[PDB]
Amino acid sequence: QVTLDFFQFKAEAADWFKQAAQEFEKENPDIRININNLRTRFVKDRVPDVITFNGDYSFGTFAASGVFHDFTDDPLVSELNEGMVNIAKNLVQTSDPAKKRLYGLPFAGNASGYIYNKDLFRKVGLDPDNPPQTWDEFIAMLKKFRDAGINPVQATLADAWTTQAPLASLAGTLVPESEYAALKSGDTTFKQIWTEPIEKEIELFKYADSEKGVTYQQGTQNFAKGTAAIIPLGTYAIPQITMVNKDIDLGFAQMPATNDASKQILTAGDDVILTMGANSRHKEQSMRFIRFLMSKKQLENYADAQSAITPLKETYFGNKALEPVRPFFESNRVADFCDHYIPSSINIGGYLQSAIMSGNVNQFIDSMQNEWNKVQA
């Protein structure tokens, strides 16, 4: 009989993981799973046995420091979407190509863009199956909502991380990931690469016609209750909206950053990486649970509950709301999040909140650059 500590990062999926653990326990009487919904928590001697983490810079730093088990050879890997596996490997924060190993399993994918209310689209005569293809059309849509008496955009600025979503959506098209290597070597600057994304994010939030400084929970509640045409968050937010209102008719769309309709890109990443503490005392039992979670049945059950994208080679989309972005995935017109290249020590969320509210692009760009420069030094 062993007790596993399961650190589960994702607020929106707390019940799903609680129930999955309980199901596993019923079938495996020799294993109890204690869920806790960060370096201190991840000291070797107390590292959780099973872990979910967002696939971001922080994951990559813990991976490079040896906190997580090395899954590179694991028999599970060959049934997974190679792009999602490669994203996880490329997050490892190392300058040595050979050290870009696999330190967790992609469990679920996301995309960043905007969630929209199809009934409000219908109300103003827009086609909810064919959202805007260009920046100009996207802005014209927001203006159409305002002119019809509808709040175009629900902001959630009181939760700073939410301001990263539009930046990442827009940067996906505007800024190739290769620019971050040039940024590190000093061959480009934030002024050159992020001025246009931040200007467009500021423009987007000029169409937030209600109070901007509300919380994530408040914004998703407002949206669920029909009071805004769009909420510019990624797919991870869908379950939070639908739990408030089962009946809301939602779509998810790419946020078009330019007027080149043929060269739009969808920001998409590894929303959940499932891993094991490298210094776990109970690796065999931990892996039994991980194998249970990584079965197609469980992955698809999760994807349905959470409106996510499964990590299997045959991709499954958990919600018909995701139909407008299916072509980006099919054509591989995707990009990882721009903020996965930004060290966790830089307070990008706080700088973005300030930029959106104040409009002061120069201060935002200078803050990012000066903090980046010091890290690279």
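Residues carry their position along the shown sequence, with the first being 1.
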- Task: Answer with none, 1 to 3, 4 to 9, or 10 or more: how many deposited residues between residue 37 and residue 38 are not present in the coordinates.
- Result: 4 to 9
- Message: Per the record, averaged over C-alpha atoms, which has the higher B-factor: 244-252 or 130-138?
- Response: 244-252
- Quick note on 347-355 and 55-63: per-entry mean CA temperature factor is higher in 347-355
- Query: Which is it among 195, 151, 259, 295: the one with the largest CA B-factor in the entry?
  - Reply: 295
- Query: Going by the deposited entry, which of 69, 340, 32, 333 has the highest CA temperature factor?
  - Reply: 32
- Query: Of the three thirds of its chain by CA temperature factor, lowest, middle or highest, which one includes residue 215?
  - Reply: highest
- Within this chain's modelled residues, let me know which third the CA B factor of residue 92 belongs to: lowest, middle or highest. lowest
- Task: Relative to the other modelled residues of the same chain, rank the CA B-factor of residue 307 and answer lowest, middle or highest third.
- Result: middle
- Considering only modelled residues of the same chain, in which third does the CA B-factor of residue 43 rank: lowest, middle or highest? highest
- Message: How does the C-alpha B factor of residue 99 compare with the rest of the chain: lowest, middle or highest third?
- Response: lowest
